[PDB]
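First the structure, in the form of structure tokens, and then the observations on it.
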Amino acid sequence: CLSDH
Amino acid sequence: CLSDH
Amino acid sequence: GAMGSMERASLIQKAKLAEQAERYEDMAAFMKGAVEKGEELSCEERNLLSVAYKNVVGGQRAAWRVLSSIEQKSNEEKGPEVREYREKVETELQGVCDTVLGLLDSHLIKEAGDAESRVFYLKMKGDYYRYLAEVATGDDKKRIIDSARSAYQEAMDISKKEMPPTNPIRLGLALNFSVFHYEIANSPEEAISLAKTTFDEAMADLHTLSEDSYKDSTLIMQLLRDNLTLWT
Amino acid sequence: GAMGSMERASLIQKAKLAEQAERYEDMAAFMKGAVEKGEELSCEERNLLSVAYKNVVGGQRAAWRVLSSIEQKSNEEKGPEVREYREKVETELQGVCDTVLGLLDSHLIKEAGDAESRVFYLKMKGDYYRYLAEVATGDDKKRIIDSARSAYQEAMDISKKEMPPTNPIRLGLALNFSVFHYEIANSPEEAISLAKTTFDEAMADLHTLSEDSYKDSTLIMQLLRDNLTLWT
Ligand SMILES: [Ca+2]
Ligand SMILES: [Ca+2]
Ligand SMILES: [Mg+2]
Ligand SMILES: [Mg+2]
Ligand code: NA
Ligand code: NA
Ligand code: NA
Ligand code: NA
């Protein structure tokens with residue numbers, strides 16, 4: 001579950 | 001120039 | 001605070017140096033000092049603030065997850081040490097989130113009139129309530145989750161009225177709000193719907209972009225796609 | 001200090017947790033607290049102490065090198081900020097080295113009677129004077145370099161009398177003393193000679209080792225070989 005860089 | 005781990 | 005005697009421009013300069021040195025705690029302290037000078041932040045300065053605290057709290061979150069997993073395996077024989085140390089890291093994490101939220105409340109958000117600044121800060125407010133929610137247990141967990149949702153929702157409303165669907169701030173907001181839905185709010189269908197609609201509306205707007213903006217937007221779209229592949 | 005109220009065993013337990021969480025500043029503070037309990041350290045505890053401070057000062061050294069390079073490029077138009085921030089990191093690095101050296105002097109070394117503990121601590125003393133020498137400028141640079149050399153030399157003398165040539169402590173000492181010669185003392189020929197003799201004498205002793213010790217020793221021998229390949 002990746003969030004914004 | 002590597003030193004000990 | 002301890003940065004009160006340093007020039008605003010010197011604080012920004014040192015934040016950039018600290019970023020190059022991967023000294024993110026220093027970077028965050030410098031950017032906190034810059035914010036407390038009371039002037040609004042430029043686009044570049046907002047990104048320095050975000051990068052610094054994202055890296056600081058990112059390390060704390062990673063540590064908290066390691067300790068939390070050890071603690072639950074410990075409860076599946078030892079004494080209080082794992083719980084004590086998890087609590088220590090958790091309290092430090094909560095302190096960093098409270099610091100960021102305090103900067104946003106005093107007074108970045110209320111002075112942010114342009115869409116790009118206001119959406120940026122409201123997204124940050126959602127993000128740091130989301131990090132608080134990750135470690136919250138029980139009932140005030142409910143109020144923290146609603147504060148994150150409210151901040152994200154206000155940011156979304158503005159971004160849909162004021163920004164094109166490919167705007168990287170708008171895309172990153174939608175990405176993080178979709179993670180909020182999936183990981184925090186127990187709404188995976190809302191997470192998937194938001195990520196898909198965001199991706200599709202950005203795709204239909206790519207034709208308007210320069211090569212450089214195209215690169216910026218498609219990088220975040222790939223993150224949406226990666227999550228959808230994980231979630232479906 | 002701030003760890004005075006915590007049990008020695010709890011400090012060791014939390015140091016291991018902090019290592020798992022990659023929280024090396026915490027790890028070092030816990031191990032400092034354990035040392036200040038006044039009891040000698042076991043082999044495992046000595047390694048926890050070394051790992052913690054190695055990672056803390058390692059981050060500082062990496063940051064100092066980034067800032068030092070920016071500073072020299074700046075002197076090949078701006079104001080004092082790069083120098084100020086390099087000085088800040090440098091002072092913090094020196095503080096960590098002084099802390100480690102203070103633990104060794106009060107009173108780890110004087111209570112260390114066995115070869116494995118005494119060589120370990122004297123090697124550490126050489127290492128942290130070496131880190132001080134990396135940032136020292138001028139004349140007290142000379143005295144810092146001699147303190148590193150003296151500590152390494154005493155460690156070497158003991159290790160050659162009391163340890164087999166494959167002993168990992170002995171090998172790591174010789175590795176780091178050879179780096180001291182090459183990087184600090186401007187004696188590359190001494191560095192190469194030491195690394196080669198150390199490698200060759202360990203090679204002739206490998207036949208005595210179990211499979212597990214063989215693995216431990218050859219891993220450090222590879223580090224000697226890597227340096228010799230870089231240096232010749
Ligand atoms: Ca603790
Ligand atoms: Ca400074
Ligand atoms: Mg001023
Ligand atoms: Mg006791
Ligand atoms: Na606010
Ligand atoms: Na304004
Ligand atoms: Na000493
Ligand atoms: Na003793």
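Identifiers in this document derive from the order of the structure tokens: chains are assigned A, B, ..., residues are numbered from 1 separately in each chain, and ligands are numbered from 1 in order of occurrence.
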
- [ ] With a cut-off of 6 Å and counting only C-alpha atoms, select all residues of chain A in contact with chain C and give the selection as a list in words.
- [x]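 Residues passing the distance filter: residues 1, 3 and 4 of chain A.
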
TODO: Step by step, measure atom-to-atom distances between ligand 5 and each residue using only C-alpha atoms and all ligand atoms, keep those at most 7 Å, then write them as an NGL selection string.
DONE: :C and (101 or 104-105 or 109 or 125)

TODO: May I ask you to write as an MDAnalysis selection string all residues lying at most 9 Å from ligand 3, with only C-alpha atoms and all ligand atoms counted?
DONE: chainID C and resid 5:9 37

Task: Distance filter 9 Å around ligand 1, atoms: only C-alpha atoms and all ligand atoms, out as a PyMOL selection string - done: (chain C and resi 81-89) or (chain D and resi 6+10-11+14+26+30)

- [ ] Tell me, in Å to one decimal, how far atom CA of residue 152 of chain D is from atom CA of residue 195 of chain D.
- [x]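 Value for the atom CA of residue 152 of chain D-atom CA of residue 195 of chain D distance: 14.1 Å.
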
TODO: Could you jot down the atom CA of residue 146 of chain C to atom CA of residue 119 of chain C separation for me, Å, one decimal place?
DONE: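 Computing it gives 17.7 Å between the two atoms.
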
Task: Residues of chain D within 9 Å of chain C, counting only C-alpha atoms, as JSON, numbers by chain - done: {"D": [10, 11, 13, 14, 17, 18, 20, 21, 22, 23, 59, 60, 62, 63, 64, 65, 66, 67, 70, 79, 80, 81, 82, 85]}

- [ ] Write down as an MDAnalysis selection string the residues of segment 80-131 of chain C whose backbone DSSP state falls under alpha helix (DSSP H).
- [x] chainID C and resid 81:103 109:111 115:131

TODO: List all protein, DNA and RNA residues that have at least one atom no more than 12 Å from any atom of ligand 6, counting only C-alpha atoms and all ligand atoms, and write them as JSON, numbers by chain.
DONE: {"C": [38, 39, 40, 41, 42, 107, 108, 109, 110, 111, 112, 113, 114, 115, 116, 117, 118]}

TODO: Between atom CA of residue 33 of chain C and atom CA of residue 58 of chain D, measure the distance and give it in Å to one decimal.
DONE: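 Calculated distance between atom CA of residue 33 of chain C and atom CA of residue 58 of chain D is 26.9 Å.
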